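Novice: Below is a structure I'd like to ask you about.
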Protein chains: 2
Amino acid sequence: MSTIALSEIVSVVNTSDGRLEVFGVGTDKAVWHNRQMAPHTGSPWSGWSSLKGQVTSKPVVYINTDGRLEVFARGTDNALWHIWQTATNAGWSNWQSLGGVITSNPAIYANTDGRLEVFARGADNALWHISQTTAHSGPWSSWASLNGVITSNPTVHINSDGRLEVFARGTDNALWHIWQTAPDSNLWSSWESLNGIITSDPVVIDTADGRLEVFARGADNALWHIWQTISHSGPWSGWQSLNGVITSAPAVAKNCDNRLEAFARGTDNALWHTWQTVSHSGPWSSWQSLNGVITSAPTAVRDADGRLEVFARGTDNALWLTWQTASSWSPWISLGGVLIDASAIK
Amino acid sequence: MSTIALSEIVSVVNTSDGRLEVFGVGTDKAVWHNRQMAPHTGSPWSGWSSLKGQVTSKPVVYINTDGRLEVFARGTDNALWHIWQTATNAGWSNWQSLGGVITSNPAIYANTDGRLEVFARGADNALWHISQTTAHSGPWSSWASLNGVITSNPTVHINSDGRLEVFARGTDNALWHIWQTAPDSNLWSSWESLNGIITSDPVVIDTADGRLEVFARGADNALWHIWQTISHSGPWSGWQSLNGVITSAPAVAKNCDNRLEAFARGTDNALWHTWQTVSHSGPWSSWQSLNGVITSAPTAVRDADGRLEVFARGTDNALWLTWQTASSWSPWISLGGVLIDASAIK
Ligand SMILES: CO[C@@H]1O[C@@H](C)[C@@H](O)[C@@H](O)[C@@H]1O
Ligand SMILES: CO[C@@H]1O[C@@H](C)[C@@H](O)[C@@H](O)[C@@H]1O
Ligand SMILES: CO[C@@H]1O[C@@H](C)[C@@H](O)[C@@H](O)[C@@H]1O
Ligand SMILES: CO[C@@H]1O[C@@H](C)[C@@H](O)[C@@H](O)[C@@H]1O
Ligand SMILES: [Cl-]
Ligand SMILES: [Cl-]
Ligand SMILES: [Cl-]
Ligand SMILES: [Cl-]
Ligand SMILES: [Cl-]
Ligand SMILES: [Cl-]
Ligand SMILES: [Cl-]
Ligand SMILES: [Cl-]
Ligand SMILES: [Cl-]
Ligand SMILES: [Cl-]
Ligand SMILES: [Cl-]
Ligand SMILES: [Cl-]
Ligand SMILES: [Cl-]
Ligand SMILES: [Cl-]
Ligand SMILES: [Cl-]
Ligand SMILES: [Cl-]
Ligand code: NA
Ligand code: NA
Ligand code: NA
Ligand code: NA
Ligand code: NA
Ligand code: NA
Ligand code: NA
Ligand code: NA
């Protein structure tokens with residue numbers, strides 16, 4: 001090789017054969033990827049390989065229900081583009097355009113029927129969407145709008161009853177959301193406010209007990225969170241603070257035993273984290289340091305050994321990596337590369 | 001409230017809200033279920049509740065891609081019957097017939113497009129199948145045959161590339177299998193032999209690295225296993241012995257960190273187990289005892305705290321339960337009930 005907290009720089013997944021794969025953007029705007037050779041913590045890596053393209057968003061990878069990776073990104077023409085594996089253990093298609101004009105990073109989820117659906121802000125600052133017409137395959141539907149006015153990158157998750165739900169910051173800086181009223185459908189609720197004042201993109205995750213929980217940096221630069229109180233249903237909890245003082249977007253992942261763990265850059269530019277103790281219903285720890293000097297938000301994922309691995313850009317613009325050990329965490333190692341923050345919203 | 005090793009007596013799942021739910025059969029041939037109140041190891045249980053019906057197979061629960069449980073069982077008329085949740089946190093439909101004439105327990109998996117497909121032996125001892133015509137819903141297709149001649153209950157899994165694959169003992173007592181040539185399709189391979197001599201129903205599981213691995217009791221009453229050598233592909237390994245002397249069918253589950261663990265009744269009628277050490281690619285332990293005096297094969301599942309829980313019938317015909325603790329395993333406790341082995345093949 002109008003603002004939000006500093007973004008995550010890579011998109012990462014644990015793939016169908018248990019290997020982590022990371023996607024980023026280089027200075028000449030191509031998408032690059034790196035993957036583990038073996039399905040274990042501390043595996044050697046491929047090194048960075050270019051998938052070409054010319055992107056103007058964060059590239060976002062998603063796993064189709066047949067196991068094939070597909071990467072979505074905004075192009076220089078502001079259309080949504082994508083590229084996909086022709087088989088789970090094979091090569092890639094060419095980059096192809098799905099048209100439209102978009103103004104955020106794309107957000108992707110599979111419906112219960114296997115059709116990917118993609119969400120992205122439009123030129124009008126509404127949330128637009130487009131979907132595969134058949135499971136894990138093109139061709140795609142026409143674009144349409146779910147309205148609203150949003151000021152952050154959107155994030156989508158699936159409820160435990162199969163209904164997609166999308167979250168995004170509004171013009172009043174509150175967290176807003178909208179949901180499918182039935183799985184696989186084009187029937188959506190109205191937008192509703194969950195209030196709060198947020199200063200990062202929201203992060204959403206499903207708990208062990210089937211509730212959506214959303215994390216975001218607050219107006220005080222603490223990490224805050226809010227959750228569904230009943231599985232796949234409102235009412236939501238109040239916003240609750242997890243404290244800390246964070247200088248990037250947060251990242252969240254589940255441990256082996258479903259205990260949630262949040263990561264973010266701190267005031268000293270080190271990686272910090274806080275986790276649930278005891279169980280997935282337990283109280284959160286104090287914030288503790290994992291060291292490093294990072295120039296992006298962290299990106300967290302659980303590997304095939306059930307350990308968390310965290311990636312973040314370094315002062316040299318390489319991607320660095322630390323992971324959980326029995327005792328502690330490993331020292332930061334470099335995966336090299338030269339990565340940029342290509343986020344469509346900053 | 002012509003033979004195979006003693007069966008598992010209940011069907012168990014970790015549900016969309018993280019609670020274990022178990023399904024069995026009572027002396028008057030109704031299906032009963034029991035569920036955890038809370039999504040944690042050692043949760044109190046509902047106790048046994050009747051779903052009615054009159055069944056002549058093991059009842060087998062499967063989770064639809066919208067999170068709704070659906071239970072399948074052979075009826076007194078030898079047709080396939082089923083009953084389903086009307087919503088993930090709600091009640092059940094009435095029992096409804098999907099017709100056909102079947103001679104094994106049903107085996108179920110969701111295609112990548114969300115359509116359940118059910119496999120069962122016919123009166124001709126071939127493998128027949130039927131599927132939902134749309135994702136997570138009826139109506140269902142017509143019945144059709146995938147041929148073969150089988151002598152055990154069949155088991156189905158999905159490959160890491162989304163192709164269903166079914167395993168069953170043949171007339172020569174070898175393990176045979178057959179697979180979809182494409183996800184979601186009605187295009188199947190020929191039946192092929194994986195050789196060996198097996199004396200239980202086969203158990204199939206996906207490894208962390210996307211390979212199918214099959215377990216079964218051998219002619220020597222040891223536990224044996226065999227696996228795909230490449231993710232979602234042949235060639236298969238040789239049959240390899242895990243030793244032991246087992247007096248029931250084996251059960252297998254994955255730990256938190258993806259380490260496989262096998263369970264079976266021993267010559268002393270206690271529960272015994274053997275596990276991978278170190279990681280999901282590590283060597284297997286010696287067989288060790290979990291005590292108890294059991295009158296069925298064990299049934300193993302990972303709970304929402306990432307601990308294994310094992311269920312087995314006791315000398316009083318109640319269902320008993322032991323689970324992993326930090327140090328060891330818990331003492332057996334009774335969930336009550338009076339359960340029978342309703343397996344369509346014994
Ligand atoms: C539907 O409501 C519109 O979109 C929301 C997400 C908010 O930005 C709100 O201020 C705006 O009026
Ligand atoms: C531990 O190493 C420190 O953190 C890494 C993430 C890099 O920024 C490196 O330049 C720095 O010395
Ligand atoms: C297709 O082959 C048929 O079915 C297999 C599963 C075996 O029972 C074999 O002996 C029989 O001839
Ligand atoms: C530990 O308790 C023993 O095992 C249970 C599974 C039951 O069979 C019980 O009758 C027996 O005393
Ligand atoms: Cl580049
Ligand atoms: Cl190496
Ligand atoms: Cl290209
Ligand atoms: Cl509102
Ligand atoms: Cl997210
Ligand atoms: Cl703190
Ligand atoms: Cl995994
Ligand atoms: Cl940059
Ligand atoms: Cl009964
Ligand atoms: Cl209690
Ligand atoms: Cl009924
Ligand atoms: Cl053959
Ligand atoms: Cl199985
Ligand atoms: Cl041994
Ligand atoms: Cl779970
Ligand atoms: Cl019995
Ligand atoms: Na991979
Ligand atoms: Na995986
Ligand atoms: Na998402
Ligand atoms: Na994001
Ligand atoms: Na449940
Ligand atoms: Na679950
Ligand atoms: Na199965
Ligand atoms: Na079985």
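A note on labels: chains of the structure tokens are A, B, ... as shown, every chain counts residues from 1, and ligands are counted from 1 in their shown order.
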Could you please extract the residues within 7 Å of ligand 24, counting only C-alpha atoms and all ligand atoms, and hand them back as number ranges by chain?

Specialist: A: 8, 155, 201, 203

Novice: Take the residues from that selection and put them in a file with N, CA, C and O atoms, as a short mmCIF file (atom, residue, chain, number, x, y, z; two decimals), in the first residue's frame.

Specialist:
```cif
data_model
loop_
_atom_site.label_atom_id
_atom_site.label_comp_id
_atom_site.auth_asym_id
_atom_site.auth_seq_id
_atom_site.Cartn_x
_atom_site.Cartn_y
_atom_site.Cartn_z
N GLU A 8 -14.39 4.12 13.38
CA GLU A 8 -13.75 2.87 13.03
C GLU A 8 -13.29 2.97 11.59
O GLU A 8 -13.98 3.53 10.75
N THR A 155 -27.12 2.57 11.38
CA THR A 155 -26.81 1.19 11.66
C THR A 155 -28.11 0.37 11.76
O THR A 155 -29.13 0.84 12.30
N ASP A 201 -21.55 8.18 15.85
CA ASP A 201 -22.40 7.15 15.26
C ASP A 201 -22.85 6.20 16.38
O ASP A 201 -22.08 5.90 17.30
N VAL A 203 -23.81 2.46 17.83
CA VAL A 203 -23.45 1.05 17.65
C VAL A 203 -24.61 0.21 18.18
O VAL A 203 -25.13 0.52 19.24
#
```

Novice: Quick one: pick out all strand (DSSP E or B) residues within stretch 18-263 of chain A from a backbone DSSP run and write them as a ChimeraX atom specification.

Specialist: /A:20-25,31-36,45,49-50,55,60-63,69-75,80-85,92,96-97,102,107-110,116-122,127-134,137-140,144-145,150,155-158,164-170,175-180,188,192-193,198,203-206,212-218,223-230,233-236,240-241,246,251-254,260-263

Novice: Pull out every residue of chain A sitting within 7 Å of chain B, counting only C-alpha atoms, and send them as a list in words.

Specialist: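 Residues of chain A within 7 Å of chain B, counting only C-alpha atoms: residues 16, 17, 18, 39, 65, 66, 67, 88, 112, 113, 114, 135, 160, 161, 162, 183, 208, 209, 210, 231, 256, 257, 258, 279, 304, 305 and 306 of chain A.
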
Novice: The selected residues should be written to file as an mmCIF file, in the first residue's frame (atoms: N, CA, C and O atoms).

Specialist:
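Just written: result_13.cif:
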```cif
data_model
loop_
_atom_site.group_PDB
_atom_site.id
_atom_site.type_symbol
_atom_site.label_atom_id
_atom_site.label_comp_id
_atom_site.auth_asym_id
_atom_site.auth_seq_id
_atom_site.Cartn_x
_atom_site.Cartn_y
_atom_site.Cartn_z
ATOM 1 N N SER A 16 -17.082 -17.701 7.333
ATOM 2 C CA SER A 16 -17.719 -19.027 7.424
ATOM 3 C C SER A 16 -16.761 -20.176 7.762
ATOM 4 O O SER A 16 -17.189 -21.224 8.229
ATOM 5 N N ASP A 17 -15.468 -19.988 7.502
ATOM 6 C CA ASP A 17 -14.464 -20.963 7.925
ATOM 7 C C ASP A 17 -13.659 -20.528 9.180
ATOM 8 O O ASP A 17 -12.576 -21.028 9.417
ATOM 9 N N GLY A 18 -14.216 -19.616 9.978
ATOM 10 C CA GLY A 18 -13.660 -19.242 11.273
ATOM 11 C C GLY A 18 -12.450 -18.326 11.262
ATOM 12 O O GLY A 18 -11.756 -18.212 12.273
ATOM 13 N N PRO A 39 -7.879 -20.581 11.799
ATOM 14 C CA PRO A 39 -9.034 -20.138 12.604
ATOM 15 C C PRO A 39 -8.731 -20.070 14.084
ATOM 16 O O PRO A 39 -9.418 -20.723 14.891
ATOM 17 N N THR A 65 -26.157 -15.314 3.506
ATOM 18 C CA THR A 65 -26.612 -16.528 4.190
ATOM 19 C C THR A 65 -26.076 -17.840 3.571
ATOM 20 O O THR A 65 -26.204 -18.903 4.175
ATOM 21 N N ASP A 66 -25.463 -17.766 2.392
ATOM 22 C CA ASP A 66 -24.682 -18.891 1.829
ATOM 23 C C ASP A 66 -23.175 -18.823 2.162
ATOM 24 O O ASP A 66 -22.368 -19.547 1.566
ATOM 25 N N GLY A 67 -22.792 -17.915 3.049
ATOM 26 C CA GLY A 67 -21.404 -17.768 3.483
ATOM 27 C C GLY A 67 -20.488 -16.881 2.657
ATOM 28 O O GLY A 67 -19.360 -16.630 3.072
ATOM 29 N N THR A 88 -17.447 -19.130 -1.310
ATOM 30 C CA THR A 88 -16.915 -18.741 0.027
ATOM 31 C C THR A 88 -15.369 -18.860 0.136
ATOM 32 O O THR A 88 -14.722 -18.095 0.864
ATOM 33 N N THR A 112 -34.701 -12.479 7.121
ATOM 34 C CA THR A 112 -34.867 -13.884 7.535
ATOM 35 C C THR A 112 -35.008 -14.806 6.323
ATOM 36 O O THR A 112 -34.790 -16.002 6.434
ATOM 37 N N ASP A 113 -35.388 -14.231 5.175
ATOM 38 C CA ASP A 113 -35.497 -14.950 3.903
ATOM 39 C C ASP A 113 -34.229 -14.931 3.070
ATOM 40 O O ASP A 113 -34.249 -15.334 1.909
ATOM 41 N N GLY A 114 -33.123 -14.454 3.657
ATOM 42 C CA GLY A 114 -31.820 -14.520 3.002
ATOM 43 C C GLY A 114 -31.496 -13.353 2.091
ATOM 44 O O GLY A 114 -30.395 -13.294 1.547
ATOM 45 N N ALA A 135 -32.800 -14.730 -2.428
ATOM 46 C CA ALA A 135 -31.840 -14.969 -1.354
ATOM 47 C C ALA A 135 -30.396 -14.951 -1.872
ATOM 48 O O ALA A 135 -30.085 -15.577 -2.891
ATOM 49 N N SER A 160 -34.918 -10.212 17.535
ATOM 50 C CA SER A 160 -34.974 -11.660 17.797
ATOM 51 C C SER A 160 -36.232 -12.356 17.207
ATOM 52 O O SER A 160 -36.336 -13.588 17.245
ATOM 53 N N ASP A 161 -37.162 -11.560 16.675
ATOM 54 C CA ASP A 161 -38.328 -12.040 15.933
ATOM 55 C C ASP A 161 -38.197 -11.804 14.418
ATOM 56 O O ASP A 161 -39.162 -11.952 13.683
ATOM 57 N N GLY A 162 -37.009 -11.413 13.974
ATOM 58 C CA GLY A 162 -36.669 -11.304 12.575
ATOM 59 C C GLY A 162 -36.957 -9.981 11.903
ATOM 60 O O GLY A 162 -36.768 -9.870 10.699
ATOM 61 N N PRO A 183 -41.140 -9.545 9.410
ATOM 62 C CA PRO A 183 -39.891 -9.951 8.736
ATOM 63 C C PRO A 183 -40.035 -9.948 7.227
ATOM 64 O O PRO A 183 -41.131 -10.199 6.710
ATOM 65 N N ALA A 208 -27.638 -11.637 24.566
ATOM 66 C CA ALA A 208 -27.975 -13.057 24.716
ATOM 67 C C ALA A 208 -29.460 -13.330 24.857
ATOM 68 O O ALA A 208 -29.957 -14.348 24.373
ATOM 69 N N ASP A 209 -30.179 -12.422 25.501
ATOM 70 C CA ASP A 209 -31.625 -12.605 25.672
ATOM 71 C C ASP A 209 -32.516 -11.904 24.650
ATOM 72 O O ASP A 209 -33.707 -11.656 24.905
ATOM 73 N N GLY A 210 -31.961 -11.630 23.482
ATOM 74 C CA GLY A 210 -32.753 -11.172 22.341
ATOM 75 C C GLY A 210 -33.242 -9.739 22.382
ATOM 76 O O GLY A 210 -34.280 -9.432 21.802
ATOM 77 N N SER A 231 -37.799 -8.589 25.091
ATOM 78 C CA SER A 231 -37.207 -9.114 23.838
ATOM 79 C C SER A 231 -37.997 -8.641 22.597
ATOM 80 O O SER A 231 -39.237 -8.655 22.572
ATOM 81 N N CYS A 256 -17.236 -14.722 24.755
ATOM 82 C CA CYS A 256 -17.581 -16.129 24.780
ATOM 83 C C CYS A 256 -18.909 -16.447 25.478
ATOM 84 O O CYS A 256 -19.774 -17.133 24.938
ATOM 85 N N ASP A 257 -19.023 -15.946 26.698
ATOM 86 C CA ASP A 257 -20.171 -16.171 27.568
ATOM 87 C C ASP A 257 -21.251 -15.106 27.415
ATOM 88 O O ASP A 257 -22.078 -14.961 28.300
ATOM 89 N N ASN A 258 -21.214 -14.347 26.311
ATOM 90 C CA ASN A 258 -22.187 -13.295 25.982
ATOM 91 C C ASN A 258 -22.063 -11.986 26.769
ATOM 92 O O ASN A 258 -22.797 -11.042 26.484
ATOM 93 N N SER A 279 -21.780 -12.164 34.350
ATOM 94 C CA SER A 279 -22.630 -12.727 33.306
ATOM 95 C C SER A 279 -23.134 -11.613 32.409
ATOM 96 O O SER A 279 -22.922 -10.411 32.682
ATOM 97 N N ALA A 304 -12.515 -17.311 16.364
ATOM 98 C CA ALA A 304 -12.994 -18.701 16.393
ATOM 99 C C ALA A 304 -12.546 -19.497 17.608
ATOM 100 O O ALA A 304 -13.010 -20.621 17.808
ATOM 101 N N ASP A 305 -11.644 -18.931 18.406
ATOM 102 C CA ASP A 305 -11.327 -19.438 19.737
ATOM 103 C C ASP A 305 -12.160 -18.757 20.850
ATOM 104 O O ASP A 305 -11.918 -18.985 22.027
ATOM 105 N N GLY A 306 -13.157 -17.968 20.468
ATOM 106 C CA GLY A 306 -13.999 -17.256 21.422
ATOM 107 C C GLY A 306 -13.259 -16.165 22.180
ATOM 108 O O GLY A 306 -13.670 -15.829 23.278
#
```

Novice: Compute the set of protein, DNA and RNA residues whose minimum atom distance to ligand 23 is at most 8 Å, using only C-alpha atoms and all ligand atoms, and state it as an MDAnalysis selection string.

Specialist: chainID A and resid 107:109 155:157 203:205

Novice: Name all residues at most 7 Å from stretch 237-247 of chain A (count only C-alpha atoms; drop same-chain ones fewer than 6 positions away) and give them as a VMD selection string.

Specialist: chain A and resid 5 196 221 to 229 264 to 267 287

Novice: Please, which residues have at least one atom within 6 Å of an atom of ligand 13, using only C-alpha atoms and all ligand atoms, listed as JSON, numbers by chain?

Specialist: {"B": [26, 27, 28, 29, 30]}

Novice: Kindly work out which residues sit at most 7 Å from ligand 16, using only C-alpha atoms and all ligand atoms, and give the list as a compact mmCIF listing (two decimals) with N, CA and C atoms, in the first residue's frame.

Specialist:
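Saved result, result.txt, follows:
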```txt
# COMPACT_ATOMS: atom_id res chain seq x y z
N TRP B 191 -26.30 -40.62 -3.36
CA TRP B 191 -25.85 -41.14 -2.07
C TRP B 191 -24.43 -41.66 -2.23
N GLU B 192 -23.59 -41.42 -1.22
CA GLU B 192 -22.22 -41.95 -1.20
C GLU B 192 -21.91 -42.52 0.15
N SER B 193 -21.09 -43.56 0.17
CA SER B 193 -20.73 -44.19 1.40
C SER B 193 -19.50 -43.55 2.00
```

Novice: Can you pull out every residue with an atom within 9 Å of ligand 15? Use only C-alpha atoms and all ligand atoms and format it as a CSV table (one decimal) with N, CA, C and O atoms, in the first residue's frame.

Specialist:
```
chain,number,residue,atom,x,y,z
B,51,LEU,N,-48.3,-30.0,25.3
B,51,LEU,CA,-48.7,-29.5,24.0
B,51,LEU,C,-49.7,-30.4,23.3
B,51,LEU,O,-50.0,-30.2,22.1
B,52,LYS,N,-50.2,-31.5,24.0
B,52,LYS,CA,-51.1,-32.4,23.5
B,52,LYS,C,-50.5,-33.2,22.3
B,52,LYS,O,-49.3,-33.4,22.3
B,53,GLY,N,-51.3,-33.6,21.3
B,53,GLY,CA,-50.8,-34.5,20.3
B,53,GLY,C,-50.8,-35.9,20.7
B,53,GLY,O,-50.9,-36.3,21.9
B,83,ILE,N,-46.5,-28.4,14.9
B,83,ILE,CA,-47.2,-27.4,15.7
B,83,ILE,C,-46.1,-26.3,15.9
B,83,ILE,O,-44.9,-26.6,16.0
B,92,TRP,N,-49.0,-21.4,20.9
B,92,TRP,CA,-48.8,-22.4,19.9
B,92,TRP,C,-50.1,-22.5,19.0
B,92,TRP,O,-51.2,-22.4,19.5
B,93,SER,N,-49.8,-22.9,17.8
B,93,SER,CA,-50.9,-23.3,16.9
B,93,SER,C,-51.5,-24.6,17.4
B,93,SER,O,-51.0,-25.2,18.4
B,94,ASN,N,-52.5,-25.1,16.7
B,94,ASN,CA,-52.9,-26.5,16.9
B,94,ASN,C,-52.0,-27.4,16.1
B,94,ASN,O,-51.3,-26.9,15.2
B,95,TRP,N,-52.0,-28.7,16.4
B,95,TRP,CA,-51.3,-29.7,15.7
B,95,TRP,C,-51.9,-29.8,14.3
B,95,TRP,O,-53.1,-29.8,14.1
B,96,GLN,N,-51.1,-29.8,13.2
B,96,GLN,CA,-51.5,-29.9,11.9
B,96,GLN,C,-50.7,-31.0,11.1
B,96,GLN,O,-49.5,-31.2,11.5
```

Novice: Between A:342, A:300, A:110, A:101, which residue has the minimum interatomic distance to residue A:123, considering only C-alpha atoms?

Specialist: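 The shortest atom-to-atom distance to residue A:123 comes from A:101.
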
Novice: Can you pull out every residue within 12 Å of residue B:169, counting only C-alpha atoms, but drop anything in the same chain fewer than 3 positions away, and send it as a PyMOL selection string?

Specialist: chain B and resi 2-4+121+125-127+148-155+166+172-178+191-203+214-218+345

Novice: To one decimal place in Å, what is the distance between atom CA of residue B:118 and atom CA of residue B:343?

Specialist: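 Value for the atom CA of residue B:118-atom CA of residue B:343 distance: 16.5 Å.
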
Novice: Taking only C-alpha atoms and all ligand atoms into account, name the residue in B:58, B:254, B:82, B:74 that is nearest to ligand 20.

Specialist: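 Once distances to ligand 20 are computed over only C-alpha atoms and all ligand atoms, the minimum belongs to B:58.
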
Novice: Compute the set of protein, DNA and RNA residues whose minimum atom distance to ligand 20 is at most 10 Å, using only C-alpha atoms and all ligand atoms, and state it as a PyMOL selection string.

Specialist: chain B and resi 9+25-27+295-296+313+317+338-343

Novice: Can you list, as an MDAnalysis selection string, every protein, DNA or RNA residue that comes within 9 Å of residue A:76 when you count only C-alpha atoms, leaving out same-chain residues fewer than 3 positions away?

Specialist: chainID A and resid 54:56 79

Novice: Just want the 6 Å neighbourhood of residue A:45, counted on only C-alpha atoms, with same-chain residues fewer than 2 positions away dropped. Output as a list in words.

Specialist: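 The neighbour list is residues 35, 36, 37 and 47 of chain A.
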
Novice: Save the residues we just selected, N, CA and C atoms, as a compact mmCIF listing (two decimals), in the first residue's frame?

Specialist:
```txt
# COMPACT_ATOMS: atom_id res chain seq x y z
N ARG A 35 -6.49 -11.24 5.80
CA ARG A 35 -7.16 -12.34 6.47
C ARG A 35 -6.23 -13.28 7.19
N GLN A 36 -6.77 -13.89 8.24
CA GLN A 36 -6.06 -14.94 8.96
C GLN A 36 -5.93 -16.17 8.08
N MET A 37 -4.77 -16.81 8.16
CA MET A 37 -4.57 -18.11 7.54
C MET A 37 -5.32 -19.23 8.23
N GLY A 47 -1.50 -10.61 4.92
CA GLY A 47 -1.05 -9.29 4.48
C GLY A 47 -2.11 -8.64 3.61
```

Novice: Applying 6 Å and only C-alpha atoms, which residues near residue A:260 remain after dropping the ones on its own chain fewer than 6 positions away? List them as a PyMOL selection string.

Specialist: chain A and resi 253-254+275-276

Novice: Considering only C-alpha atoms and all ligand atoms, can you say which of B:22, B:144, B:102, B:71 comes closest to ligand 25?

Specialist: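 Looking only at the distances to ligand 25, the closest residue turns out to be B:22.
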
Novice: Atom CA of residue B:145 and atom CA of residue A:133 are how many Å apart?

Specialist: 29.6 Å
